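Chemist: My structure is stored as target35.tsv, with TSV, C-alpha atoms.
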chain	number	residue	atom	x	y	z
N	1	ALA	CA	14.18	-37.80	8.33
N	2	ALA	CA	12.51	-35.39	5.86
N	3	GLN	CA	10.18	-32.50	6.55
N	4	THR	CA	8.27	-31.60	3.39
N	5	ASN	CA	6.98	-28.08	2.78
N	6	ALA	CA	9.48	-26.79	5.27
N	7	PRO	CA	10.33	-23.13	5.75
N	8	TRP	CA	12.84	-22.18	3.09
N	9	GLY	CA	15.61	-21.66	5.62
N	10	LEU	CA	15.37	-25.17	6.97
N	11	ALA	CA	15.41	-26.57	3.44
N	12	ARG	CA	18.39	-24.33	2.69
N	13	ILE	CA	20.42	-25.77	5.64
N	14	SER	CA	20.16	-29.26	4.15
N	15	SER	CA	20.79	-28.51	0.44
N	16	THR	CA	23.76	-27.39	-1.62
N	17	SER	CA	21.39	-25.26	-3.74
N	18	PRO	CA	18.68	-22.66	-3.07
N	19	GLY	CA	15.03	-23.14	-4.03
N	20	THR	CA	14.20	-26.47	-2.41
N	21	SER	CA	11.41	-27.05	0.14
N	22	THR	CA	12.33	-30.29	1.99
N	23	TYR	CA	14.44	-30.23	5.16
N	24	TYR	CA	16.48	-33.44	5.45
N	25	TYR	CA	18.00	-34.17	8.87
N	26	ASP	CA	19.06	-37.02	11.17
N	27	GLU	CA	16.25	-38.22	13.45
N	28	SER	CA	18.33	-37.52	16.59
N	29	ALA	CA	17.26	-33.90	16.01
N	30	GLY	CA	19.39	-32.42	18.86
N	31	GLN	CA	18.00	-34.74	21.49
N	32	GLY	CA	20.09	-34.39	24.67
N	33	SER	CA	21.35	-30.92	23.84
N	34	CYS	CA	20.15	-27.66	25.37
N	35	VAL	CA	19.88	-24.18	23.82
N	36	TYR	CA	19.45	-21.03	25.92
N	37	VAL	CA	17.53	-18.38	23.97
N	38	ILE	CA	18.66	-15.08	25.50
N	39	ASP	CA	16.01	-12.66	24.31
N	40	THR	CA	12.53	-11.25	25.11
N	41	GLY	CA	11.44	-14.60	26.63
N	42	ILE	CA	9.63	-17.60	25.19
N	43	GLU	CA	5.91	-18.41	25.15
N	44	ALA	CA	6.74	-21.78	26.54
N	45	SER	CA	3.10	-22.83	26.36
N	46	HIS	CA	3.09	-22.77	22.50
N	47	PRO	CA	2.09	-26.19	21.09
N	48	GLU	CA	5.02	-26.06	18.67
N	49	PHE	CA	7.47	-26.49	21.58
N	50	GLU	CA	5.81	-29.76	22.64
N	51	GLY	CA	6.72	-29.13	26.28
N	52	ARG	CA	10.47	-28.86	25.47
N	53	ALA	CA	10.66	-25.17	26.39
N	54	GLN	CA	10.78	-23.42	29.75
N	55	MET	CA	11.67	-20.03	31.13
N	56	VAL	CA	14.53	-20.08	33.64
N	57	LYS	CA	15.28	-16.41	34.32
N	58	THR	CA	13.93	-12.93	33.76
N	59	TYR	CA	15.32	-9.45	34.36
N	60	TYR	CA	11.90	-7.79	34.33
N	61	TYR	CA	8.77	-8.02	36.40
N	62	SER	CA	7.43	-10.77	34.18
N	63	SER	CA	8.89	-13.74	32.30
N	64	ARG	CA	6.27	-13.45	29.57
N	65	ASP	CA	7.35	-12.74	26.02
N	66	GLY	CA	5.22	-9.71	25.38
N	67	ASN	CA	6.97	-9.01	22.08
N	68	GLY	CA	7.26	-12.24	20.07
N	69	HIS	CA	10.90	-11.91	19.04
N	70	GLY	CA	12.23	-14.44	21.55
N	71	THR	CA	9.44	-16.92	20.79
N	72	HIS	CA	10.26	-16.58	17.07
N	73	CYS	CA	13.97	-17.19	17.64
N	74	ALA	CA	13.31	-20.13	19.93
N	75	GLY	CA	11.01	-21.63	17.28
N	76	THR	CA	13.79	-21.49	14.69
N	77	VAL	CA	16.12	-23.30	17.09
N	78	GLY	CA	13.76	-25.99	18.20
N	79	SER	CA	10.05	-25.97	17.29
N	80	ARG	CA	8.50	-29.02	15.64
N	81	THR	CA	7.61	-27.27	12.37
N	82	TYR	CA	9.96	-24.27	12.24
N	83	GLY	CA	13.04	-25.56	14.09
N	84	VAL	CA	16.44	-26.86	13.08
N	85	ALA	CA	16.88	-29.16	16.14
N	86	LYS	CA	13.37	-30.47	16.74
N	87	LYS	CA	14.19	-32.44	19.92
N	88	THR	CA	16.47	-29.99	21.73
N	89	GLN	CA	15.62	-28.55	25.16
N	90	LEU	CA	14.99	-24.81	25.11
N	91	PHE	CA	15.66	-22.49	28.05
N	92	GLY	CA	14.44	-18.91	28.03
N	93	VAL	CA	16.36	-16.01	29.58
N	94	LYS	CA	14.51	-12.69	29.34
N	95	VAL	CA	17.15	-9.96	29.07
N	96	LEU	CA	15.10	-7.88	26.64
N	97	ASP	CA	11.93	-6.02	27.49
N	98	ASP	CA	8.70	-6.22	25.53
N	99	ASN	CA	9.90	-3.46	23.21
N	100	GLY	CA	12.95	-5.59	22.38
N	101	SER	CA	15.42	-3.43	24.31
N	102	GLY	CA	17.76	-4.15	27.18
N	103	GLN	CA	20.56	-2.50	29.08
N	104	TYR	CA	24.04	-3.84	28.50
N	105	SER	CA	24.37	-4.53	32.23
N	106	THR	CA	21.33	-6.84	32.01
N	107	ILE	CA	22.59	-8.62	28.89
N	108	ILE	CA	25.93	-9.23	30.67
N	109	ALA	CA	24.19	-10.56	33.78
N	110	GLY	CA	22.10	-12.88	31.60
N	111	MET	CA	25.17	-14.38	29.95
N	112	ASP	CA	26.85	-14.96	33.31
N	113	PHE	CA	23.62	-16.53	34.54
N	114	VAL	CA	23.66	-19.05	31.72
N	115	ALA	CA	27.30	-19.93	32.33
N	116	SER	CA	26.35	-20.99	35.86
N	117	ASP	CA	22.80	-22.27	35.34
N	118	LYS	CA	23.89	-24.88	32.83
N	119	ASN	CA	25.34	-26.73	35.83
N	120	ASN	CA	21.77	-27.20	37.14
N	121	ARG	CA	20.62	-28.82	33.89
N	122	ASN	CA	20.86	-32.16	32.16
N	123	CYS	CA	22.37	-31.50	28.77
N	124	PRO	CA	24.50	-34.57	28.05
N	125	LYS	CA	25.14	-33.62	24.43
N	126	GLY	CA	26.16	-30.06	25.35
N	127	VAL	CA	24.96	-26.49	25.65
N	128	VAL	CA	24.40	-23.68	23.13
N	129	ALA	CA	23.38	-20.05	23.65
N	130	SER	CA	21.59	-18.00	20.96
N	131	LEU	CA	21.91	-14.21	21.24
N	132	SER	CA	19.78	-12.43	18.65
N	133	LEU	CA	20.63	-9.03	20.07
N	134	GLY	CA	23.30	-6.39	20.09
N	135	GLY	CA	24.14	-2.73	20.05
N	136	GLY	CA	27.23	-0.53	19.77
N	137	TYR	CA	30.73	-1.74	20.54
N	138	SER	CA	31.24	-2.56	24.22
N	139	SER	CA	34.29	-4.33	25.55
N	140	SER	CA	32.33	-5.45	28.61
N	141	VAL	CA	29.59	-7.03	26.50
N	142	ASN	CA	32.20	-8.76	24.36
N	143	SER	CA	34.00	-10.04	27.42
N	144	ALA	CA	30.75	-11.48	28.82
N	145	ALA	CA	30.17	-13.40	25.61
N	146	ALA	CA	33.78	-14.62	25.65
N	147	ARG	CA	33.32	-15.87	29.24
N	148	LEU	CA	30.13	-17.70	28.30
N	149	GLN	CA	31.96	-19.44	25.44
N	150	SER	CA	34.97	-20.20	27.66
N	151	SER	CA	32.66	-21.77	30.25
N	152	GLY	CA	31.76	-24.44	27.72
N	153	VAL	CA	28.74	-23.04	25.84
N	154	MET	CA	28.57	-22.75	22.06
N	155	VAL	CA	27.70	-19.03	21.73
N	156	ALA	CA	26.04	-17.83	18.50
N	157	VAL	CA	25.35	-14.08	18.09
N	158	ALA	CA	23.70	-11.89	15.48
N	159	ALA	CA	25.95	-9.81	13.25
N	160	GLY	CA	23.46	-6.92	13.32
N	161	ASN	CA	21.09	-5.29	10.81
N	162	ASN	CA	22.98	-2.10	9.99
N	163	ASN	CA	24.31	-3.03	6.52
N	164	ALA	CA	27.72	-2.16	7.99
N	165	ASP	CA	30.92	-3.67	9.37
N	166	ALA	CA	30.12	-5.70	12.49
N	167	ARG	CA	33.43	-4.61	14.09
N	168	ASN	CA	31.47	-1.69	15.58
N	169	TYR	CA	28.78	-3.76	17.30
N	170	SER	CA	28.64	-6.08	20.29
N	171	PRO	CA	28.58	-8.93	20.96
N	172	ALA	CA	28.98	-9.37	17.18
N	173	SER	CA	32.58	-8.12	17.29
N	174	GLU	CA	33.77	-10.62	19.96
N	175	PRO	CA	36.21	-12.92	18.09
N	176	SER	CA	35.71	-16.04	20.20
N	177	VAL	CA	31.97	-16.48	19.63
N	178	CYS	CA	30.11	-17.39	16.40
N	179	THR	CA	28.98	-14.22	14.60
N	180	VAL	CA	26.11	-14.89	12.16
N	181	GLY	CA	25.12	-12.90	9.08
N	182	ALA	CA	21.84	-13.20	7.16
N	183	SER	CA	20.99	-14.43	3.68
N	184	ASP	CA	17.81	-14.53	1.60
N	185	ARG	CA	16.10	-17.33	-0.28
N	186	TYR	CA	17.96	-16.47	-3.52
N	187	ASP	CA	21.37	-16.72	-1.84
N	188	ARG	CA	21.92	-12.96	-1.65
N	189	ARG	CA	23.36	-11.37	1.45
N	190	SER	CA	20.29	-9.96	3.16
N	191	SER	CA	20.03	-6.26	2.39
N	192	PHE	CA	20.30	-5.27	6.06
N	193	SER	CA	22.94	-7.79	7.12
N	194	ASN	CA	26.19	-6.60	8.64
N	195	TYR	CA	29.39	-7.95	7.14
N	196	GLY	CA	33.10	-7.81	7.91
N	197	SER	CA	36.03	-9.97	8.87
N	198	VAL	CA	34.46	-10.88	12.24
N	199	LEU	CA	31.59	-12.79	10.65
N	200	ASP	CA	32.03	-16.52	10.89
N	201	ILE	CA	29.02	-17.80	8.95
N	202	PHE	CA	25.76	-16.89	7.25
N	203	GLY	CA	22.37	-18.38	7.86
N	204	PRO	CA	18.86	-17.79	6.47
N	205	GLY	CA	17.49	-14.49	7.75
N	206	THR	CA	15.09	-12.87	5.21
N	207	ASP	CA	11.39	-13.89	5.46
N	208	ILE	CA	11.75	-16.60	8.12
N	209	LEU	CA	8.54	-18.27	9.29
N	210	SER	CA	8.51	-19.34	12.93
N	211	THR	CA	6.43	-19.35	16.09
N	212	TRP	CA	4.92	-16.15	17.55
N	213	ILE	CA	3.06	-15.25	20.73
N	214	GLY	CA	-0.60	-16.00	21.18
N	215	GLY	CA	0.00	-19.48	19.81
N	216	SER	CA	0.55	-18.02	16.35
N	217	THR	CA	3.20	-17.96	13.60
N	218	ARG	CA	4.71	-15.23	11.50
N	219	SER	CA	7.52	-14.44	9.08
N	220	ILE	CA	10.06	-11.74	9.96
N	221	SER	CA	13.55	-10.78	8.80
N	222	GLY	CA	16.86	-10.09	10.50
N	223	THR	CA	20.22	-11.39	11.57
N	224	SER	CA	18.16	-12.31	14.65
N	225	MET	CA	16.54	-15.01	12.48
N	226	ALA	CA	19.83	-16.28	11.04
N	227	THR	CA	21.44	-16.76	14.47
N	228	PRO	CA	19.05	-19.45	15.75
N	229	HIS	CA	19.53	-21.46	12.57
N	230	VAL	CA	23.21	-21.68	13.46
N	231	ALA	CA	22.53	-22.27	17.17
N	232	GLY	CA	20.16	-25.08	16.31
N	233	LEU	CA	22.60	-26.53	13.77
N	234	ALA	CA	25.32	-26.57	16.42
N	235	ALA	CA	23.00	-28.39	18.84
N	236	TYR	CA	22.12	-30.89	16.12
N	237	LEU	CA	25.78	-31.55	15.27
N	238	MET	CA	26.79	-31.80	18.95
N	239	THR	CA	24.06	-34.38	19.48
N	240	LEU	CA	25.50	-36.32	16.54
N	241	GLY	CA	28.96	-36.21	18.09
N	242	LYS	CA	30.43	-34.46	15.08
N	243	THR	CA	31.70	-31.46	16.99
N	244	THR	CA	31.95	-29.86	20.42
N	245	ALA	CA	30.84	-26.60	21.99
N	246	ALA	CA	34.36	-25.26	21.71
N	247	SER	CA	34.77	-26.15	18.05
N	248	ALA	CA	31.26	-26.05	16.58
N	249	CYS	CA	31.58	-22.62	14.95
N	250	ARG	CA	34.78	-23.62	13.19
N	251	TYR	CA	33.26	-26.96	12.22
N	252	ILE	CA	30.18	-25.25	10.78
N	253	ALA	CA	32.45	-22.94	8.79
N	254	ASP	CA	34.60	-25.93	7.67
N	255	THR	CA	31.51	-27.80	6.41
N	256	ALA	CA	29.50	-24.87	5.05
N	257	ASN	CA	28.35	-24.25	1.52
N	258	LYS	CA	31.12	-22.07	0.17
N	259	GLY	CA	30.87	-19.43	-2.54
N	260	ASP	CA	27.11	-19.50	-2.97
N	261	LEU	CA	26.14	-16.03	-1.72
N	262	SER	CA	26.06	-12.82	-3.74
N	263	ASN	CA	26.82	-9.26	-2.63
N	264	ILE	CA	29.38	-10.44	-0.08
N	265	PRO	CA	31.94	-7.61	0.36
N	266	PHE	CA	35.64	-8.36	-0.03
N	267	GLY	CA	36.99	-9.57	3.31
N	268	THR	CA	33.77	-11.25	4.50
N	269	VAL	CA	33.43	-15.04	4.44
N	270	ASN	CA	31.13	-16.55	1.76
N	271	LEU	CA	29.94	-19.48	3.89
N	272	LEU	CA	26.39	-20.66	4.42
N	273	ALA	CA	25.45	-23.02	7.22
N	274	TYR	CA	24.92	-26.59	5.97
N	275	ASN	CA	24.21	-29.87	7.79
N	276	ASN	CA	25.77	-32.14	5.11
N	277	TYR	CA	23.10	-34.72	5.81
Please, can you express the file's structure as structure tokens?

Modeler:
Amino acid sequence: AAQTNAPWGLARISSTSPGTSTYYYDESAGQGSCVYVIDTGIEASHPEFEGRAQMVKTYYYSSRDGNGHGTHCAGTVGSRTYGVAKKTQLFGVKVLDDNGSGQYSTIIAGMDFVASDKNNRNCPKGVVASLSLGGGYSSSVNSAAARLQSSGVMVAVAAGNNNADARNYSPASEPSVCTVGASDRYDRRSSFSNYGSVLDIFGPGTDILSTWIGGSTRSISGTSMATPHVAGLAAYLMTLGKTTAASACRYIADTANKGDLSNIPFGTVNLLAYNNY
């Protein structure tokens, strides 16, 4: 399949070179996979989700995404126009408030919730979790993300937007999950992206168009935008049978575009997510 006039990040995932505008992908499109978007919620009524999105848990009075961040991330995973895996099932877990903040205890509880809830769901091609969030180093947050991965979920997390080593942030610093840095449309490391040995992969993160609340769309920038590209790519590849939840991060790194990014510090991988379609 080919989506013309795609967002640059989708085009980038399916090309060896920057600057293209068509996203080429297998028609299976993540059908039969599920991706939990652990964030500010999802405006599940948005037409771009085509009924494939639903909220399953909140940690606040409401399940509404009063911010937009979670809806944006979910759209990069799985919306018709802005998504990597256009047929995946999306589940929303609201661990962040409408200002985009959350307590570490709530973020931990949300990960443990997903690890159990997936057993209530039909996800024959497997389960992914996208965590476009983080804060300072916490062993308890890292351990929660490790448990979620161990339980059989492909966990993708944002490296952070501190232009610093991700070793000092969580869950970015957890070794066993997939830690995602951000790039821009000219194949530069995004100016804000964290870096470091713990990164596993880069995805598009500067000026990413996706869904927004009020049935709208908008472009924003962050490692929060890179992460759902990788989460959706994992769901896509799992649906194709090319990899598993346990091995998808490694497989994505194995099959990535290598050596294309500029301003990558020594000791950080130079690997950009790629579907090899």

Chemist: Give the answer as one residue: which of N:25, N:111, N:219, N:195 has the shortest atom-to-atom distance to residue N:129, using only C-alpha atoms?

Modeler: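 Distance minimum relative to residue N:129 lands on N:111.
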
Chemist: Rounded to one decimal, what separation in Å do you get between atom CA of residue N:130 and atom CA of residue N:182?

Modeler: 14.6 Å

Chemist: For stretch 245-249 of chain N, work out the shell of residues within 6 Å, counting only C-alpha atoms and skipping chain neighbours fewer than 4 positions away, then give it as a ChimeraX atom specification.

Modeler: /N:153-154,178,234

Chemist: Using all atoms listed in the file, find the one residue out of N:227, N:211, N:176, N:14 that sits nearest to residue N:156.

Modeler: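 Of all the options, N:227 lies closest to residue N:156.
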
Chemist: Any idea what's packed within 7 Å of residue N:273, counting only C-alpha atoms, ignoring anything in its chain fewer than 4 positions away? Could you give it as a ChimeraX atom specification?

Modeler: /N:13,201-203,230,252,256-257

Chemist: For the residues in the current selection, export C-alpha atoms as a PDB file, in the coordinates of the input.

Modeler:
ATOM      1  CA  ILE N  13      20.420 -25.770   5.640  1.00  0.00           C
ATOM      2  CA  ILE N 201      29.020 -17.800   8.950  1.00  0.00           C
ATOM      3  CA  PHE N 202      25.760 -16.890   7.250  1.00  0.00           C
ATOM      4  CA  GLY N 203      22.370 -18.380   7.860  1.00  0.00           C
ATOM      5  CA  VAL N 230      23.210 -21.680  13.460  1.00  0.00           C
ATOM      6  CA  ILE N 252      30.180 -25.250  10.780  1.00  0.00           C
ATOM      7  CA  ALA N 256      29.500 -24.870   5.050  1.00  0.00           C
ATOM      8  CA  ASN N 257      28.350 -24.250   1.520  1.00  0.00           C
TER       9      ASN N 257
END

Chemist: Within 10 Å of (18.2, -21.1, 22.8), all atoms listed in the file: residues as an NGL selection string?

Modeler: :N and (34-39 or 42 or 53 or 70-71 or 73-78 or 88-93 or 127-132 or 155-156 or 227-228 or 231-232 or 235)

Chemist: Those same residues - C-alpha atoms - I'd like them written as an mmCIF file, in the coordinates of the input.

Modeler:
data_model
loop_
_atom_site.group_PDB
_atom_site.id
_atom_site.type_symbol
_atom_site.label_atom_id
_atom_site.label_comp_id
_atom_site.auth_asym_id
_atom_site.auth_seq_id
_atom_site.Cartn_x
_atom_site.Cartn_y
_atom_site.Cartn_z
ATOM 1 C CA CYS N 34 20.150 -27.660 25.370
ATOM 2 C CA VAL N 35 19.880 -24.180 23.820
ATOM 3 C CA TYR N 36 19.450 -21.030 25.920
ATOM 4 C CA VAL N 37 17.530 -18.380 23.970
ATOM 5 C CA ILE N 38 18.660 -15.080 25.500
ATOM 6 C CA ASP N 39 16.010 -12.660 24.310
ATOM 7 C CA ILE N 42 9.630 -17.600 25.190
ATOM 8 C CA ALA N 53 10.660 -25.170 26.390
ATOM 9 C CA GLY N 70 12.230 -14.440 21.550
ATOM 10 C CA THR N 71 9.440 -16.920 20.790
ATOM 11 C CA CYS N 73 13.970 -17.190 17.640
ATOM 12 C CA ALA N 74 13.310 -20.130 19.930
ATOM 13 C CA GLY N 75 11.010 -21.630 17.280
ATOM 14 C CA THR N 76 13.790 -21.490 14.690
ATOM 15 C CA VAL N 77 16.120 -23.300 17.090
ATOM 16 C CA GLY N 78 13.760 -25.990 18.200
ATOM 17 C CA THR N 88 16.470 -29.990 21.730
ATOM 18 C CA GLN N 89 15.620 -28.550 25.160
ATOM 19 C CA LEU N 90 14.990 -24.810 25.110
ATOM 20 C CA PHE N 91 15.660 -22.490 28.050
ATOM 21 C CA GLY N 92 14.440 -18.910 28.030
ATOM 22 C CA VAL N 93 16.360 -16.010 29.580
ATOM 23 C CA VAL N 127 24.960 -26.490 25.650
ATOM 24 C CA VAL N 128 24.400 -23.680 23.130
ATOM 25 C CA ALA N 129 23.380 -20.050 23.650
ATOM 26 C CA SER N 130 21.590 -18.000 20.960
ATOM 27 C CA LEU N 131 21.910 -14.210 21.240
ATOM 28 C CA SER N 132 19.780 -12.430 18.650
ATOM 29 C CA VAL N 155 27.700 -19.030 21.730
ATOM 30 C CA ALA N 156 26.040 -17.830 18.500
ATOM 31 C CA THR N 227 21.440 -16.760 14.470
ATOM 32 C CA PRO N 228 19.050 -19.450 15.750
ATOM 33 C CA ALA N 231 22.530 -22.270 17.170
ATOM 34 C CA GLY N 232 20.160 -25.080 16.310
ATOM 35 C CA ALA N 235 23.000 -28.390 18.840
#

Chemist: Find, counting all atoms listed in the file, the residue in N:115, N:65, N:168, N:121 that gets nearest to residue N:150.

Modeler: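 Once distances to residue N:150 are computed over all atoms listed in the file, the minimum belongs to N:115.
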
Chemist: Would you please work out which residue, of N:266, N:24, N:251, N:192, is nearest to residue N:223 when using all atoms listed in the file?

Modeler: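 Residue with the minimum atom-to-atom distance to residue N:223: N:192.
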
Chemist: Check the smallest atom-to-atom distance from each of N:2, N:11, N:226, N:108 to residue N:204 using only C-alpha atoms, then report the winner.

Modeler: N:226

Chemist: Find the distance between atom CA of residue N:63 and atom CA of residue N:98 and write it in Å to one decimal.

Modeler: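 Answer for the atom CA of residue N:63 to atom CA of residue N:98 separation: 10.1 Å.
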
Chemist: What separation in Å, quoted to one decimal, exists between atom CA of residue N:193 and atom CA of residue N:163?

Modeler: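 Atom CA of residue N:163 lies at a distance of 5.0 Å from atom CA of residue N:193.
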
Chemist: Any idea what's packed within 9 Å of residue N:86, counting only C-alpha atoms, ignoring anything in its chain fewer than 4 positions away? Could you give it as number ranges by chain?

Modeler: N: 27-31, 49, 77-82, 232, 236

Chemist: Is it possible to get the residues within 6 Å of (11.9, -10.3, 3.9) (coordinates as in the file, counting all atoms listed in the file) written as a PyMOL selection string?

Modeler: chain N and resi 206-207+221

Chemist: For the selection just defined, write its residues with C-alpha atoms to a file, as a compact mmCIF listing (two decimals), in the frame of the given file.

Modeler:
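Produced file result37.txt, reproduced below:
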# COMPACT_ATOMS: atom_id res chain seq x y z
CA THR N 206 15.09 -12.87 5.21
CA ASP N 207 11.39 -13.89 5.46
CA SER N 221 13.55 -10.78 8.80

Chemist: Which residues come within 9 Å of residue N:58, counting only C-alpha atoms, excluding same-chain residues fewer than 4 positions away, as a ChimeraX atom specification?

Modeler: /N:40-41,62-64,92-96,110

Chemist: Emit the selected residues as a compact mmCIF listing (two decimals), keeping the file's coordinate frame, including C-alpha atoms.

Modeler:
# COMPACT_ATOMS: atom_id res chain seq x y z
CA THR N 40 12.53 -11.25 25.11
CA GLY N 41 11.44 -14.60 26.63
CA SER N 62 7.43 -10.77 34.18
CA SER N 63 8.89 -13.74 32.30
CA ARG N 64 6.27 -13.45 29.57
CA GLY N 92 14.44 -18.91 28.03
CA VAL N 93 16.36 -16.01 29.58
CA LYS N 94 14.51 -12.69 29.34
CA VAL N 95 17.15 -9.96 29.07
CA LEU N 96 15.10 -7.88 26.64
CA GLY N 110 22.10 -12.88 31.60

Chemist: Write out as a list in words which residues come within 10 Å of residue N:265 when counting all atoms listed in the file, dropping same-chain ones fewer than 5 positions away.

Modeler: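 Counting all atoms listed in the file, the residues come to residues 165, 189, 195, 196, 197 and 270 of chain N.
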
Chemist: Nearest to residue N:102: which of N:55, N:133, N:261, N:15 is it, counting only C-alpha atoms?

Modeler: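 Of the candidates, the smallest distance to residue N:102 is held by N:133.
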